[PDB]
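Chains as they are written, first to last, in my numbering: chain A, 3 to 167; chain B, 202 to 427.
Note sheet for the following structure.
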Amino acid sequence: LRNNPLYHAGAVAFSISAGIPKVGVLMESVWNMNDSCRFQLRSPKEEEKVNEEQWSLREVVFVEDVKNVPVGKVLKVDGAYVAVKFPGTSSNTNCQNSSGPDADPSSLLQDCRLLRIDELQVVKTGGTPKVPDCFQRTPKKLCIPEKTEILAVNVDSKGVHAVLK
Amino acid sequence: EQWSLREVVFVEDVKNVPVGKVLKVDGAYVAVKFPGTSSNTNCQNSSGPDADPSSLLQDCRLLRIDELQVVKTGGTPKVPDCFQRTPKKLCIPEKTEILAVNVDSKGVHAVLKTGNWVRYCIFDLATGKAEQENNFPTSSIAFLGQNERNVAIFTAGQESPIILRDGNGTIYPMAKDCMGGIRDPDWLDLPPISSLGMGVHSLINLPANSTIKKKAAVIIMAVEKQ
């Protein structure tokens, strides 16, 4: 879909409140980084509600956009419209095994979304557009002034702090 | 051939009014299986349980909901038939006697007697009423002639001219005036006609560049020898 959010429901993130790092699964699609969204904390339906908090994305750091960036196979094209089978479109979560030859062919209709061609973006051999990782995997050099001696250093979210002689 | 719809009569609005069964609804978009949408005319037997599920997709059109109309238990909207299957009465004026009648696409043509008066009448089939009625400029007795049973109003067929006959067997020389009335009789100096033939004939024997049109009325006159 062309109208992709910044992060999708299901992305795993952590928030550091009260010094407790809390790990939670994003419950809704994020459209702007200055908003606040609900996260279900993860290690007859009250237990499902008991572990949601709403947090702002400043506080939250996404580890993974695990899922829910939707890629489907175009099963038909017609005029301005298209039929596309995406993973997870079936409201019947209990139909995870109808991949047999006896799959009621109405189920394949139930599985596919009907959209307009202009609402879709073609996925090329490079995969879906990756959200850039927020972990600086490799060491990055800092611009140390010349002819200076470093007496002490430390770190914080604010950046690097150092005493220079 | 390219035909002007004015001259065409549709016999039966046969087929090609496609009813589809809605197979899936997705917000404002829908998938509908309509008959004859499979470009593979050779898939007429894939109605088995092993029917490749992709074939069902190939068979159904994708549209928006606003482009569709629900078919109710009365079927598709019938185009009204152009053939008046049952007899329809015409609005005949009271106290009139009918001397002759004939037909054409223009409607019904009849000669009506009213006491000592004689009138020529054209009837509209939509309303059933006379579209125009005119008294003859000649004496009514002269039209009634020696034998009123001889009165007639012959036509060549469709799109035809009209030939009246009086009670003497004479062709009555009709013509409209510029007021919509009847001009003085432009006499023909003709003997009586015992019988007259009727029909329309093609003139395709003509060259395509002819000024004479590709149609004509053919009239055969059994003229009496005086």
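All C-beta atoms in this analysis are idealised placements derived from N, C-alpha and C, irrespective of residue type, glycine included.
So what's residue i in DSSP terms, helix, strand or just coil?
i                 : result
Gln-347 (chain B) : coil
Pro-107 (chain A) : helix
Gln-56 (chain A)  : strand
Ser-396 (chain B) : strand
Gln-112 (chain A) : helix
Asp-135 (chain A) : coil
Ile-299 (chain B) : strand
Taking 7 Å as the limit between beta carbons, can you name the residues of its chain near residue i, skipping five residues before and five after?
i                 : result
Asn-246 (chain B) : none
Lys-234 (chain B) : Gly-221, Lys-222, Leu-224, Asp-260, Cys-261
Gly-400 (chain B) : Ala-357, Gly-358, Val-419
Report, in whole angstroms, the separation of the C-beta atoms of residue i and residue j, which I expect to be a contact under 8 Å.
i                 : j                 : result
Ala-232 (chain B) : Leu-111 (chain A) : 6 Å
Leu-345 (chain B) : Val-319 (chain B) : 7 Å
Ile-420 (chain B) : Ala-357 (chain B) : 7 Å
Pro-386 (chain B) : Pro-338 (chain B) : 7 Å
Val-14 (chain A)  : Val-68 (chain A)  : 6 Å
Taking just the CA atoms, how far does residue j sit from residue i?
i                 : j                 : result
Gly-329 (chain B) : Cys-292 (chain B) : 5 Å
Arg-265 (chain B) : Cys-379 (chain B) : 58 Å
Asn-53 (chain A)  : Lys-132 (chain A) : 29 Å
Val-124 (chain A) : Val-25 (chain A)  : 33 Å
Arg-139 (chain A) : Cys-39 (chain A)  : 27 Å
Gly-12 (chain A)  : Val-63 (chain A)  : 14 Å
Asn-217 (chain B) : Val-79 (chain A)  : 23 Å
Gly-381 (chain B) : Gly-237 (chain B) : 55 Å
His-402 (chain B) : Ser-361 (chain B) : 11 Å
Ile-372 (chain B) : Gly-308 (chain B) : 21 Å
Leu-43 (chain A)  : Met-35 (chain A)  : 20 Å
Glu-66 (chain A)  : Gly-275 (chain B) : 57 Å
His-163 (chain A) : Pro-147 (chain A) : 14 Å
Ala-154 (chain A) : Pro-7 (chain A)   : 42 Å
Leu-28 (chain A)  : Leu-122 (chain A) : 24 Å
So with CB distances below 8 Å, who are the chain B contacts of residue i?
i                 : result
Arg-139 (chain A) : Ordered by position in chain B, no residue passes the 8 Å Cβ test against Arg-139 (chain A), which lies about 41 Å from the chain.
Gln-112 (chain A) : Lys-225
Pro-89 (chain A)  : Simply none; closest approach about 16 Å.
What does residue i touch in chain B if you count any residue whose Cβ is under 7 Å from its own?
i                 : result
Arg-115 (chain A) : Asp-227
Identify, in the order they occur along the chain, each residue of the same chain with its Cβ nearer than 8 Å to the Cβ of residue i, setting aside the five sequence neighbours on each side.
i                 : result
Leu-397 (chain B) : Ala-353, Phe-355, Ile-364, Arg-366, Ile-420, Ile-421, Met-422, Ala-423
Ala-331 (chain B) : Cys-292, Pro-294, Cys-322, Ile-323, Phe-324, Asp-325
List the residues of chain A whose Cβ lies closer than 7 Å to the Cβ of residue i, in chain order.
i                 : result
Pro-254 (chain B) : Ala-105, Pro-107, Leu-110
Can you list, in chain order, the residues of its chain whose CB lies under 6 Å from that of residue i, leaving out five sequence neighbours each side?
i                   : result
residue 1 (chain A) : Residue 1 (chain A) lies beyond the residue range present for chain A, which begins at 3 and ends at 167; the question has no answer from this structure.
For a contact meaning CB atoms closer than 8 Å, what does residue i contact in chain A?
i                 : result
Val-231 (chain B) : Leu-116
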